[PDB]
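**Student:** whatever this is, show me its structure:
(2 chains, ligands or ions: 4)
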Amino acid sequence: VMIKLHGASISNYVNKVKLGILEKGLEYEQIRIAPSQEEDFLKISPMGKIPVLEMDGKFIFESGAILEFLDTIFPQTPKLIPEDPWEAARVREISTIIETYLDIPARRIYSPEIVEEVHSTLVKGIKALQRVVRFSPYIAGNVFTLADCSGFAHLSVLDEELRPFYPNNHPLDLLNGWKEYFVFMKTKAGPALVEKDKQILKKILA
Amino acid sequence: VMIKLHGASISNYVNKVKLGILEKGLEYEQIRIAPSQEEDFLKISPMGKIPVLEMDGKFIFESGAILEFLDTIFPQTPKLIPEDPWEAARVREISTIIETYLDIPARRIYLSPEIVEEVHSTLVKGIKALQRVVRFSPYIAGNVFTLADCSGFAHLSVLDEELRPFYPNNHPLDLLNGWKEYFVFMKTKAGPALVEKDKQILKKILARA
Ligand SMILES: [Cl-]
Ligand SMILES: [Cl-]
Ligand SMILES: [Cl-]
Ligand SMILES: [Cl-]
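**Tutor:** Numbering: from 1, shown residues only, chains lettered A, B, ... in the order given. Ligands and ions are numbered 1, 2, ... in the order given. Now the structure:
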């Protein structure tokens, strides 16, 4: 509609944005593309990454910037950024811990030495996350926020993608509240659609 | 003093926050500590990182969240996040590119000559991307100081110096059109000058162990 979301459902970062869009009840069309280094794509997305949000003939190309922007131009509940400034800091912190300290490192695994080195980094990252999450029932508290966008998109991937490498050792197993949060989020229409599209794509490609 | 900033002036993430505090004219005390995994520190800074902002016995421990917070509660000029939402997005994009695609890669090095070439092409890629969104007119995102100047001045100044040893005629930053002039302009300002000065004072002292 007024909004186009450029990028396939294979991308954690695309799914992050898609979650916030769906929860806001916004009309949008998802354009299913892969990242590209083609000059013409670099004009709208300088690093050649997805997702890219498009609206009013203009583009935003960082998933964080995108959701902060949607938050600002569509300020109605659910507010991706809480009105309470302390609660907002907690939400941004959770999203940053998940992306920078969990996902980035986990992207070394998606060799033996690395698996080991990576497993320890994730354990540390998970023990830190544990200190700021509430899961009551949402990741930062009792309402949906930007942190649920990052949390459901990134952690559902981490958990699944690493269940074979850490069969009895899964770092995310140390995150109290996660399995139950994951189940709860999947009962909601937005995250269920996000998960469905991802599963379809993964059955297709496999 | 209402605001306490925990972390030493040699950290670019501390300096990123310090630039924003100084530019708004806020009063703060800087508490010099180094990163740490002591259970005492982890209680206020889960990853053991600096900076941590302390106010009213409450702690915020990621530099981006700190500056978004300070800009919300202390909205006096400059607005680190512009009021125009499209301008705000561009400010956030610039800051992300500088931190995630320039500094994180660079930290692989400055913190295998093969690795030196991987990092080199990655940085050149990041710079050409950055070149696309910067304005330097005179600030990095336009005619007023923003969050992107905190990230820009804090990270790029460090990237510039710390990488000349590695890339003598090869420096990625030399590709950023306007950087040298911006860096000179910023140093004419009291806040950025003070950040550079505090960094210099501690470096000189540390060098003599
Ligand atoms: Cl798709
Ligand atoms: Cl991705
Ligand atoms: Cl210091
Ligand atoms: Cl640092």
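**Student:** tell me who's in contact with residue A:61.
**Tutor:** Contacts were defined as CB atoms under 8 Å, 6 or more residues apart in numbering or on different chains; by that measure residue A:61 touches A:44, A:45, A:46, A:47, A:49, A:51, A:52, A:53, B:93. C-beta here means a position set from N, CA and C on the backbone, and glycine is covered the same way.
**Student:** so the fourth one: helix, strand or coil?
**Tutor:** This points to residue A:47. Residue A:47 falls in the coil class when you classify it by DSSP: H, G, I helix; E, B strand; the rest coil.
**Student:** thought residue A:11 was touching residue A:50?
**Tutor:** Yes - taking contacts as CB atoms under 8 Å, residue A:11 lies within contact range of residue A:50: 5.5 Å.
**Student:** the more surrounded of those two?
**Tutor:** Taking other CB atoms under 10 Å in any protein chain shown, residue A:11 and residue A:50 do not tie; residue A:50 has more neighbours (24 against 20).
**Student:** how about the contacts made by that one?
**Tutor:** Residue A:50 neighbours (CB under 8 Å, 6+ apart): A:6, A:7, A:8, A:11, A:13, A:14, A:33, A:34, A:35.
**Student:** go on, residue A:30?
**Tutor:** Residues near residue A:30 by CB under 8 Å, 6+ apart: A:4, A:5, A:7, A:9, A:18.
**Student:** bridged to it, which residues?
**Tutor:** residue A:5 (DSSP bridges).
**Student:** show me the two of the contacts of residue A:30 that sit farthest apart.
**Tutor:** A:4 and A:9 (14.5 Å; CB to CB).
**Student:** before we move on, back to that, which single one of the contacts of residue A:61 is nearest to ligand 1?
**Tutor:** Among the contacts of residue A:61, residue A:51 lies closest to ligand 1 (CB to the ion), at 11.0 Å.
**Student:** got a list of what that closest one touches?
**Tutor:** So residue A:51 contacts A:5, A:6, A:7, A:11, A:13, A:14, A:16, A:17, A:18, A:61, A:63, A:66 (CB under 8 Å, 6+ apart).
**Student:** now the two most distant members of the residues you listed.
**Tutor:** Spatial extent of these (CB to CB) is set by the pair A:18 and A:61 at 15.3 Å.
**Student:** contact partners of the helix or strand harbouring residue A:65?
**Tutor:** Using DSSP states H and E, residue A:65 maps to helix A:63-73. Residues outside helix A:63-73 that contact it (CB under 8 Å, 6+ apart): A:13-14, A:16-17, A:20-21, A:24, A:26, A:51, A:53, A:60, A:79-81, A:95, A:146, A:149, B:85-86, B:88-89, B:92-93, B:96.
**Student:** how far does it sit from its chain's centre?
**Tutor:** 14 Å (CA atoms, centre = their mean, to the nearest Å).
**Student:** about what we covered before: same list (the contacts of residue A:51) but as JSON lines, adding distance to ligand 1.
**Tutor:** Below are those laid out as JSON lines (distance: CB to the ion, whole Å):
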{"residue": "A:5", "distance to ligand 1": "10"}
{"residue": "A:6", "distance to ligand 1": "11"}
{"residue": "A:7", "distance to ligand 1": "8"}
{"residue": "A:11", "distance to ligand 1": "9"}
{"residue": "A:13", "distance to ligand 1": "13"}
{"residue": "A:14", "distance to ligand 1": "8"}
{"residue": "A:16", "distance to ligand 1": "14"}
{"residue": "A:17", "distance to ligand 1": "13"}
{"residue": "A:18", "distance to ligand 1": "10"}
{"residue": "A:61", "distance to ligand 1": "18"}
{"residue": "A:63", "distance to ligand 1": "16"}
{"residue": "A:66", "distance to ligand 1": "17"}
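**Student:** can you count the residues close to residue A:124?
**Tutor:** Burial measure for residue A:124: 19 neighbouring residues, criterion other CB under 10 Å.
**Student:** so which elements touch the helix or strand containing it?
**Tutor:** Using DSSP H and E, residue A:124 maps to helix A:112-129. Packing contacts for helix A:112-129, counted by 3 or more CB pairs under 8 Å, 6 or more residues apart in numbering or on different chains; DSSP states H and E, involve helix A:104-106.
**Student:** show me what the helix it packs on is packed against.
**Tutor:** helix A:112-129.
**Student:** picking up where we left off before, and residue A:4 and residue A:9? Which one has more around it.
**Tutor:** When residue A:4 and residue A:9 are compared for neighbours, residue A:9 comes out ahead with 20 against 15, by other CB under 10 Å.
**Student:** domain-wise, how is chain A divided?
**Tutor:** Domain segmentation of chain A under curated CATH domains yields A:1-81, A:82-206.
**Student:** one step back: pull out the buried residues from the helix holding residue A:124.
**Tutor:** Buried residues in helix A:112-129, counting neighbours by 16 or more other CB atoms under 10 Å in any protein chain shown, are found at A:118, A:119, A:121, A:122, A:123, A:124, A:125, A:126, A:128, A:129.
**Student:** got it, and stretch A:162-182?
**Tutor:** With burial defined by 16+ other CB under 10 Å, the residues of stretch A:162-182 counted as buried are A:162, A:166, A:170, A:171, A:172, A:175, A:178, A:181, A:182.
**Student:** nearest to chain B among the residues you listed?
**Tutor:** Each of the buried residues of stretch A:162-182 was scored against chain B by CB to the nearest CB, and residue A:175 proved nearest at 12.7 Å.
**Student:** if I pick the nearest residue to that closest one once chain neighbours are set aside, what's in contact with it?
**Tutor:** With sequence-adjacent residues excluded and distances taken as CB to CB, 6 or more residues apart in numbering or on different chains, residue A:175 is closest to residue A:126, at 5.2 Å. Going by CB under 8 Å, 6+ apart, residue A:126 touches A:102, A:171, A:172, A:174, A:175.
**Student:** farthest pair within those?
**Tutor:** Checked with CB to CB, the contacts of residue A:126 reach their widest spread between A:102 and A:174, with 11.9 Å between them.
**Student:** and residue A:94, helix, strand or coil?
**Tutor:** Recorded secondary structure, residue A:94: helix (three-state DSSP).
**Student:** if we can go back for a sec, go through the contacts of residue A:30 and say which is closest to ligand 2.
**Tutor:** Proximity of the contacts of residue A:30 to ligand 2 (CB to the ion) peaks at residue A:7, which lies at 8.5 Å.
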